[PDB]
Every structure is written in C-alpha cells, then in structure tokens.
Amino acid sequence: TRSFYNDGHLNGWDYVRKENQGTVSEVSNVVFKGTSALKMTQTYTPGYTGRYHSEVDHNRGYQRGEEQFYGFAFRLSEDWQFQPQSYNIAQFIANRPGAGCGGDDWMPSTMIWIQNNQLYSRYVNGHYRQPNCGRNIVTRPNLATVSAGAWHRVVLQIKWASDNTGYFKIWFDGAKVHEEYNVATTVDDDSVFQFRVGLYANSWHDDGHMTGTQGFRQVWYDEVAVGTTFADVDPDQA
C-alpha cells in the first residue's frame, strides 16, 4: 500500500526549496504521466558561497527498522552537458540536532546522483554521533547509463537497518540494476529521514567552481511514490 503519491504537482509536498536562483514549478509540456510534472532548475552564480538545492520534501522518508519501496520518474534536459561533477537528483536526509559530528547536524544518508553519464547511489552506516563520529559511506557507481532528454524511472527497495540485516536494491527503466543483501543501510539511531527529490548541484559548492559551460541546469520529475510493494511505487504501472 502507498503511503505517499505525487503526480507531478506542488500540492502534497511538505516543503519546496528553491535556493539562490533555483526554481521549482509545475509544467504541462514535459510530462511523464497525466498532464503535469515538476521542473527543477539551478543556475551557477560566481561569487556565491552557499548551496544550490531545488527540491521538494516528503518529510516521512524512513525510520530504521522498516522496509520501504520508493519510485520516481526523472528527465534531464535534452541538451544536458554531461560533466564529471555530481548533480544530485534525490536524497534521504535527517536533521539530528546534538549529534555533534561534522559541520552541522543534517546528515544525508542514501543519495542518488548523476556523475558523467552514470547514475550513482550510496548508503551510509555507522554511528555518526558523539563521542564516536565513526561512519562509513558505501558508494555504488555506474548503476546505469543515463540518456538525456528521456524520462527514466527509478525504483528503490530498501530495508533500513544498522545491522548487517538490511538490503539495498535499485531498478532503472524497468530492469534490476543493483541488489545487495545483509548490509547495514542506515546509522544506528531512530531519526526520521526526509525523502527529497530535486536538482541539488552539490559539486558547484563542494568543489568551489563549476566544470563546463552549462550553468543553467534543468531536471523534470513526476510520478513519485512511497509504499510497501514494487507495484505501489513503479512509475511504469498503475
């Protein structure tokens, strides 16, 4: 059964983040299903020292000790300029105030991004809380080649565990592209992580510069769902 469904509208998201010159809007011309989708844009601005999130938030993403499925459709601009930097397209993230690790208390766990023409993801495990900030980031590269100007469909099946009892499975355009079992997929606490979808141009800030010449970046989203079965969240079926 689905706990969340969004057909490509502003309505139903808890929060809309349009950092700096970013936009998030509803469009009817570039749509995966129905008559609406969301368009996220970000624009590089030399001098700016802040971050570049254009995202919509579903606050109830996960809590450790459950299995969930997540599905969404996304599309890069047809003229997407593939570059080695990261452009993040979805993430799970919790605010963990008082954890005392790193530069603030927001910790993204699993993230999904484009690097060159490849879909990357990761999960995080460990403790990341004083007096032990020990945490491990497992990156899973090259999950799929991503074509520009086409709707792609992503399904995740994740059992969120800090034990070696979790699992982490990903489908891309209807095909299983990754699965691994008996792994720890989140940190060992009970924070509730948000599920965000949207263009987060993280390398622009992290790296101190932009690689290439496409400072105006566009990604569309549609058909986002959270539920307990594959069919609940698969954008490619009802």
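The first residue of the sequence shown is number 1, and the count goes up from there.
Relative to its counterpart among 47-55 and 195-203, 47-55 has the higher mean temperature factor, C-alpha atoms as listed in the PDB entry. Stretches 115-123 and 69-77 differ in mean CA B factor, with 115-123 having the higher one. Based on the entry's C-alpha B-factors, the most elevated value among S109, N142, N164, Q83 belongs to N164. Ranking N95, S147, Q157, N88 by Cα temperature factor from the entry places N95 first. Among all modelled residues in its chain, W171 ranks in the lowest third by Cα B-factor.
In this PDB entry, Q218 carries a Cα temperature factor that places it within the lowest third of its chain's modelled residues. Per-chain ranking of the deposited C-alpha B factor places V177 in the middle third.
For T185, the recorded CA temperature factor ranks within the highest third of the chain's modelled residues. Among all modelled residues in its chain, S36 ranks in the middle third by Cα B-factor.
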